[PDB]
Amino acid sequence: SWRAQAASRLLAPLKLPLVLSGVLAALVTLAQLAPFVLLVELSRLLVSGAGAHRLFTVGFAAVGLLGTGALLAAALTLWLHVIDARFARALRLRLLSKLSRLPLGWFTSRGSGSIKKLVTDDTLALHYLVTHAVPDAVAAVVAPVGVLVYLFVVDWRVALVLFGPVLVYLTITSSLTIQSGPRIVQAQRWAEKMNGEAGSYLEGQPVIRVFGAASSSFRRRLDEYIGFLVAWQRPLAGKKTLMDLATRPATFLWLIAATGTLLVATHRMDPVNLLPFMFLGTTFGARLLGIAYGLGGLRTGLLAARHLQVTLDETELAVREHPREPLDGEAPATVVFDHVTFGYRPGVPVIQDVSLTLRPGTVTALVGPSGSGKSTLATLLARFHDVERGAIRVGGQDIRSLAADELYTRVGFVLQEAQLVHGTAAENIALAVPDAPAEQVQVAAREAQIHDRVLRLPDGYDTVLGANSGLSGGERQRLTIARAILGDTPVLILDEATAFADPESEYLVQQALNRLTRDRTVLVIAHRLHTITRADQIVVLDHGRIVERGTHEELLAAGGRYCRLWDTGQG
Amino acid sequence: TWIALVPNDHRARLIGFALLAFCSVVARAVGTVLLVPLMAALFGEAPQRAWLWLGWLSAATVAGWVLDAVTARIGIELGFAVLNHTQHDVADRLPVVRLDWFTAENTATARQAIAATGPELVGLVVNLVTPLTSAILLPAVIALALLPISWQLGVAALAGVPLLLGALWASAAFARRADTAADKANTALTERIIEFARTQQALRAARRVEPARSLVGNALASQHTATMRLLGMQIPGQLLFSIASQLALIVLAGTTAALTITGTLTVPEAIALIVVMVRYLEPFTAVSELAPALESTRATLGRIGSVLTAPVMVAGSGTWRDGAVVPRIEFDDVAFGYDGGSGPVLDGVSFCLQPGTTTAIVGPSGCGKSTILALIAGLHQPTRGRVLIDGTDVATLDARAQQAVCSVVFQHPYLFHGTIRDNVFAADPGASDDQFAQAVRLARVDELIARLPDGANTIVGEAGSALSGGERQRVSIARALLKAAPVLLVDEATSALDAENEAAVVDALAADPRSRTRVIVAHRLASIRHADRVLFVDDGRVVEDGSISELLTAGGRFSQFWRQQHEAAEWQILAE
Ligand SMILES: Nc1ncnc2c1ncn2[C@@H]1O[C@H](COP(=O)(O)OP(=O)(O)NP(=O)(O)O)[C@@H](O)[C@H]1O
């Protein structure tokens, strides 16, 4: 059962540690019920005449129990932290070296909160599972089990009566858990519908303040939710009160008293044996309903342990194939897609047998409708994912047989997602060559039209860029374009949407790109097909494969899909 | 200071609930005090004399049943009303909270306060309020009934309520102060890994990924981990109440066992008091059990106080007397800032927009233009301002006249979950289906709905809805054109690829016959040849204004922008 599962493979080194922890936390919770066993021996000593010296030997035992139950708990709470700090430290060093090996496109399939939700929240849920949820789930089971065994050896006749309020409660609770078959998934669909509603209501605040009647939808979806909750709960109240009156200690006390009065008064009980039940038996319903509450604390720890183990299991980029043959014709810049096929999900292909061929020192544009597969086809060259069926090769060598440093020392890309690193503004312009004399860092920032904007910084080039720096997306982009100018990769992957993603700084980005895309092999993800009309080879494609191919002057002659995207208004 | 308080429907149906939850505790105290004559009789030589005291215990148990049943049936209806009255307060407060409050964290907080407070507001009075306030008064009422019986053990039990409650408050303060250091150290550890994953493409593409991994790795490997400080944090919060409760029992049972040896009590009734001392200590343990249930509730319902104590904007009386004509918008020494560390700054802006004129606002990115529009709309208040429209300061108007003056086309278009024709009718829900006929033939969305499967009644909230970002900015133009306020504030969308959304705003300006006073923050070039005066704004200050015949012949800050915008449109990626 507990095998070969995600949470079972992650939390594998903590087997003997957690076993010792459970053994030690069983004694800790057994040394807290032992005082009530000493109370029954103190009572017997009062009943049986003598004392005043034998009654100190019970107080000695009680203070010894206090001391040894404090020592045991203090030892457990530090074992459970020494043994958890080591696991967390060794698990962070695994996440750090898994991120460095995952395919790069993975990081785009996620967001920025989906990474924190796994690196911080899922590593804190494990810390809490180890330090709280496991020692609590052991006590929550050992306490009622020990009480029930101690009360049956004392007297089995009165310990049977304590099952009345348990059968009465379990009958009801099931009669109630099937009256909410629908409404326990209805209320889960409502809880995720009312979250998107809150998100939209918060995101559309400005509109709601200009047009007042735009919040009517939210305010009527909310009266439906807080009306559903009432119509769901208001029925099942005379059941939740009934099953609550059956676990109250005032209910167990009456049963114990009525059953003990019958046995003592008829001379078959020896009333010193009814005292264990008066001490430990009245709070016996709380323990049985705390069992489930203690076992339900492991769920939010095991979910985290599974979410971490699926990520640590994610298939990472292939190691590299045999450093095979450069296929006899391709110059160091020539790029060849050869029958590539690729799809994100294992049954839905997004690319079908595309076989284009770039050339050394030429431009090549990728036109097509939206969601056509041109962004995917572009980022397939940077090995954001691996191709399923075909094979790409830049320079004559399959990009699968290239080291991660030799690939990016030969293929560069300027997409969206600026991604400045934390550090000096000259530490970003010279990231791909960290020892640039700072004269090249200047001649390269004067070409990306970002030199006068960085001289207007507090320290100038030595300014430490951060989350808030005072740089718009169009001048954070001329930095990564300056960096890319120092890289000098002879093959560029240009996303043409980076030009017009910031309209103010849109003529300076175009002067930076005029310099970045010189004397090299460019591949443009075109969006506006009037910029790419002097490209050497334009390539059309519709939801997958390639349909038409050629220059613009010719491609305009043989009418279809290109004349149909061209004459569509603009012309 | 609203936190989670009760409704405003009644006051005699809320004070007779405390007098019921308090009698439900008197019943349990009487049920426990009735154990003294019963157990004192069971341990005597005539144990059949304990039937009289089981009769009275039955009488005291069947009464506690009724009192606990009514107190729960009422506590459920009081949870229903708390849910109803609280969810209608957050939703009534949010449209008045100041817009700069909605940061990235406050938006998450406020969306949790709406989406994730449902079931723990109904299950509050019956799950946390009565079980907690009953278990706190129970030992104090038990101690009071003992004074006629044994005053020594009664006084020793009054003395123990403050100590045992202090040991419960202190062991929770310790357990809470350590759990914050625990998730602060974890964050201080895993924020270099969060950065290493954020800037990943930049590293691998720069061939700098393995040295950065080495850096984060060695720092992580050492970090000293600061653990045993948190051990010292954690231990007292685990041991304090357990030690206190185990120590109170020893004292109370050695007091009872001593009053015997001397002769105060006899043994039978010294045991009846040891049985009562144990029952007196169970409420304290029950309070210790719903400590996590109280901390989770406190956290979850702190998000509601976060909203109900958020700063609200204040509006005057106003009554926009004669809005009719067309308003002459005027800024006067206006200066604005969300705060002063970083953000769109503005200071010294002062113009006067003649009534019934189209006015463009161009400039560097520096979006103190999306702020100049918000200051006119009323969405933001100036810090040294008096924005005044048609002569009268905006901040001196009640916020149903302060919004009945400006129609706005935002930058990022927002549509709520609903049909296409109810997003447009959100502007004027009483439009006479000809105002709807030409709010859509102006916005160029008549074709968009006469080319759509069911067209008009398409649900367009968020499903993808077949509507792209550029044609979702043609329904905002149709909404804004419907509402007939005498000010139109357009904030052009960065969206290219349009080929229709351009002519949309062009026709909105040049075609509409409603005769309002229009103000556009333009990025395109065709929507600037319709304005009759331009405002070039740099560094939060109008550097020049005028028509495009004197700006162009001024050869200054705007002729350069003109030239650049003309050259940034005939750009083409080339090999050469
Ligand atoms: N991370 C992803 N996981 C699964 N499917 C994806 C992912 N990213 C994109 N797709 C789908 O892959 C298909 C190709 O999309 P894409 O590669 O963006 O083509 P595109 O035309 O270049 N993008 P665009 O031009 O902006 O519409 C579409 O059906 C997308 O929805």
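Participant: For the site of the ligand, give the residues involved together with the corresponding values.
Facilitator: Residues and elements named next belong to chain A. Neighbouring the ligand are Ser109, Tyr344, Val350, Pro369, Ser370, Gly371, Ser372, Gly373, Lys374, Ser375 and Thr376. The contact in question runs from an oxygen atom of the ligand to an N or O atom on the side chain of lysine 374, over 2.3 Å. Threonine 376 is positioned with one of its side-chain polar atoms (N or O) 2.7 Å from an oxygen atom of the ligand. When the free accessible area of the ligand is taken as 640 Å², the share hidden by the protein chains comes to 59%. With 3 residues, helix α18 (residues 374-379) is the largest single contributor of residues to the shell around the ligand. For the shell around the ligand, the residue count by class is 3 nonpolar, 7 polar and 1 charged.

Participant: Lay out the pattern of salt bridges in plain terms, naming residues and giving numbers.
Facilitator: For the coordinates displayed, the defined rule picks out 41 salt bridges over all chains. One salt bridge connects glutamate 475 of chain A with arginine 453 of chain A, and the closest N-O pair in it is separated by 3.0 Å. Here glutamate 475 of chain A is found in the loop between β9 (464-465) and α23 (477-487), whereas its partner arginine 453 of chain A is found in helix α22 (residues 451-455), with 22 residues between them in sequence. The residue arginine 421 of chain B makes a salt bridge to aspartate 433 of chain B at a minimum N-O spacing of 3.1 Å. Of this pair, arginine 421 of chain B sits in helix α18 (residues 420-424) while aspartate 433 of chain B sits in the loop between α18 and α19 (437-440), and the two are 12 residues apart along the sequence. Residue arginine 421 of chain B is classed as partly exposed on the basis of its relative accessible area, which comes to 25%. Among the charged side chains, a network of salt bridges with common partners joins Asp244 and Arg248 of chain A together with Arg28 and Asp68 of chain B.

Participant: Give me the lowdown on the side chain of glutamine 352 of chain A, citing residues and values where you can.
Facilitator: Residue and element names in this part refer to chain A. Looking at the element boundaries, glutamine 352 is found in strand β3 (residues 351-354). In this structure the side chain of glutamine 352 is engaged in a polar contact, spanning 3.1 Å, whose partner is the backbone oxygen of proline 349. Discounting chain neighbours no more than four positions away, the residues touching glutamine 352 are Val340, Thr341, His543, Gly544 and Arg545.

Participant: Report on the nonpolar core, specifying residues and quantitative values.
Facilitator: Formed by 123 residues in total, the largest nonpolar core has its most connected members in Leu94, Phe331, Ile376, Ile477, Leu489 and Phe558 of chain B. Per-element accounting of this core gives the leading share, 8 residues, to helix α12 (residues 216-233) of chain A. Counting residues domain by domain, this core receives three or more from each of domain 1 (14-309) and domain 2 (329-568) of chain B. The contacts of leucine 489 of chain B, once residues within four sequence positions are left out, are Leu373, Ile376, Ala377, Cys406, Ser407, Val408, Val409 and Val519 of chain B. In this structure, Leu33 of chain A together with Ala253, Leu265 and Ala270 of chain B belong to the second largest nonpolar core, which totals 84 residues.

Participant: A description of the domain arrangement of chain B should follow, citing residues and the corresponding values.
Facilitator: The domain architecture assigned to chain B consists of domain 1 (14-309) and domain 2 (329-568). For domain 1 of chain B versus domain 2 of chain B, the separation of C-alpha centres amounts to 55 Å.

Participant: Just give me the short version of the sheet that holds strand β1 (residues 329-330) of chain B, but keep the residues and values in it.
Facilitator: Residues and elements named next belong to chain B. As summarised here, the arrangement of the 4 strands in space is β4-β1-β6-β7, forming an open sheet in which the pairing is antiparallel. The outermost strands of the open sheet, each flanked by one partner alone, are β4 (352-353) and β7 (392-393). Strand direction decides the pairing type here: β1 and strand β6 (residues 388-389), joined by 2 bridges, are antiparallel. Within β6, the position partnered with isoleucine 329 by the bridge is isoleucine 389.

Participant: Kindly report on the environment of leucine 274 of chain A, identifying the contributing residues and their values.
Facilitator: The topology assignment puts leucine 274 of chain A in the loop between α14 (249-265) and α15 (275-280). When near neighbours in sequence (up to four residues on either side) are disregarded, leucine 274 of chain A contacts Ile256, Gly260 and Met269 of chain A together with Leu42 of chain B.

Participant: Describe the interface of chain B and chain A, listing the residues and the values that go with them.
Facilitator: Taken together, the contact pairs 134 residues of chain B with 143 residues of chain A. Summing both sides of the interface, chain B and chain A together bury roughly 12400 Å²; the carbon and sulfur share of this comes to 67%. Among the residues of chain B in contact with chain A, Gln201, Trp571 and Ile573 of chain B are the three that bury the most area, contributing 7% of the side total. The tally of links from chain B across to chain A stands at 4 salt bridges. The closest approach of N and O atoms between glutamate 77 of chain B and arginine 234 of chain A, which form a salt bridge, is 2.4 Å. Counting every contact that joins chain B to chain A gives 34 residue pairs in polar contact. In terms of residues, the side of chain B that touches chain A owes the most to one element, helix α4 (residues 52-93) of chain B, which gives 18 residues. A breakdown of the residues in the side of chain B that touches chain A according to their chemical character gives 77 nonpolar, 35 polar and 22 charged.

The rules behind these values
Residues numbered from 1 in each chain as written, not as in the entry; some residues may be left out. Chains lettered and ligands numbered in written order. Heavy atoms only, no water. Near = heavy atom within 4 Å. Polar contact = N/O pair within 3.5 Å; in protein donor to acceptor, adjacent residues only side chain to side chain. Areas by Shrake-Rupley, 256 points an atom, 1.4 Å probe, with all protein chains shown as cover. Helix = DSSP H or I, 4+ residues; strand = E, 2+ residues; numbered from the N terminus. Nonpolar A, V, L, I, M, F, W, Y, C, P; charged D, E, K, R; others polar. Salt bridge = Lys/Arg side-chain N within 4 Å of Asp/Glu carboxyl O. Buried < 20%, exposed > 50% of the residue type's maximum accessible area, 1.4 Å probe, protein only. Contact = heavy atoms within 4.5 Å. Core = buried A, V, L, I, M, F, W, Y, C linked by side-chain atoms within 4.5 Å. Domains from an automatic or database assignment. Pairing = 2+ DSSP bridges. Buried area = accessible area lost by both parts, 1.4 Å probe.

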